[PDB]
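Next up: a single chain in C-alpha cells, the form deposited in one PDB entry.
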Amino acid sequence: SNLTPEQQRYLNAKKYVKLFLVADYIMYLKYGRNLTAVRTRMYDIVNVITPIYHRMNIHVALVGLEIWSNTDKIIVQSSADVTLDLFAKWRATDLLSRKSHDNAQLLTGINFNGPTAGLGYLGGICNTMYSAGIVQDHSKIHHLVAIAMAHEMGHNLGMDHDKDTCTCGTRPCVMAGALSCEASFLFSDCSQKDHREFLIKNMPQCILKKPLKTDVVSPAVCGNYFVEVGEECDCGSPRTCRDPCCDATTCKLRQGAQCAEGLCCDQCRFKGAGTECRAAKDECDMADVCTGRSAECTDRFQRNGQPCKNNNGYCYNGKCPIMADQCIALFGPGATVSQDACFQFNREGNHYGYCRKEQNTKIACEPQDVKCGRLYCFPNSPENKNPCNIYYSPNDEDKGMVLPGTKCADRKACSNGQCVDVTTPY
C-alpha cells in the first residue's frame, strides 16, 4: 500500500548483523594478559546482546574477534570522538580487506573524557566507513557493558536517544541517553519506529545475508534461535519453541524428522525434489526448486541476456541495469539520460571520458563503445543549461561509469567498456 513490494519484502526478511569485535591493549592488560579471559568476557557480552536484538527481528552473530594483545592498531585515546574516527578508518582500510562483516565494535579499557561510555555513527549500518561503534568497558558487570554496546549498535541502526515520553516499561530502555544500572534489555516504542523508518528509507542490504554456521566464532548457544556448529536446529527455549520438528532442550532434531526450519522442509521432511520453494520476484528471477536431500533453497536467476523492463534492458546476475535508473541513483529523481551526442566525450580518453583502464592508463572508447564509458546525465528541469553532466569520485574513478550489463543498444550490453552481443555468454 504505502510501501513498495520491494520495501515490504525487505522488512519481512530476517535480519542478521554479522558482528566483528575488537578488544584493545588496555583490555588485555586489565584482564591479566589472559587472552582466554578477554575472549570469555567478549562472549558473555555477545550472549547478552543477542537476545536483546532478537526482539528487533535481528540476529547478532559474532563472525570475527580480534584482541590487540601485542599493541593497538589505532591511537585509542581519551577523546571518544577521535577514537571512533580512527577506528572506523582502520576498519575501512585494514579490517574490511581481510574479513567481511556488517559492523565492528571496539571494546576498550580506557576511560573516555566526559560521562559517555561509547560512541557510534548514527545510521552507519553496513556502510563501508561508518558501520562502527566504540564502547568503554565501564563496569565490572558485563551485562551493563553489553547494554552500552547494544546502545551504540542502536545508533548504528538508525535509533536516537529516548526522549522524555518514550517507554518500554517501568525501567530505562537501551536507547536511554545516559547510564544507570537500572538499565533494562528492552527497546522503547520510539526506537522501534525510528529503526523501522530508517530501514524503510535506507534498506541496508548487508544485514539480509545470513552468516554461515562456520563463520560464527562464538561458542554455540542452544536456544538463541540460530543454528550453530554442533546443533541441528534451534527454536529457542523449550517454553517458546514452536517447531515440532526440533527438541529445544538438546538442539537436536526429534527422531524421524530430517529438517526443521527452511523453505525445503514440510512436516519435518525434505520437500519433494523439484518442488518450488521460492517463486520468482521479478522478470529477471527464476523460481527456486528443492533438491530433495537439502534443507535450504539456493537462489537462482534468469540467464544473462534475458530482455527486461519493456525492452529497455537485459538481465544481469538477477538485475536489470538500466541507464535511466543509474542516472536517477546518481543525481536523484528527475535525472534523465543525456542525449547520444554527449557520450562522444568518451572517445576523448581524457580525465573523465574513457571506456576502461589498462592499468592506470585511460583508454578512450571506440565509436561503437561510446555508451559503455562514463555515464552522461541531465537533471531534467527548466533551470539546468548543460545537456552533458558526469558524476565523478577522486576515490574511485570507476564510480559514475556505466554499470556492467547495461543495455547500450539493441541486443547489446556493456561488458568491460565495450558494447557487445547479449547472445554471447556473459
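So that the term is clear: the rigid core is the largest set of C-alpha atoms that superpose within 1.5 Å between two forms. So that there is no doubt, residue numbering starts at 1 and follows the sequence shown.
Same protein, other form: the form deposited in another entry, not shown, and the subject of what follows.
- Of the residues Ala257, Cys284, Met323, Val145, exactly one exceeds or equals a 2 Å C-alpha shift between the shown form and the other one once the rigid core is aligned, and that residue is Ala257.
- Core-aligned CA deviation for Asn57 between the shown form and the other one: less than 2 Å.
- For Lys30, a C-alpha deviation below 2 angstroms is recorded between the shown form and the other one after rigid-core alignment.
- Core-superposed comparison between the shown form and the other one: the C-alpha position of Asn47 differs by less than 2 Å.
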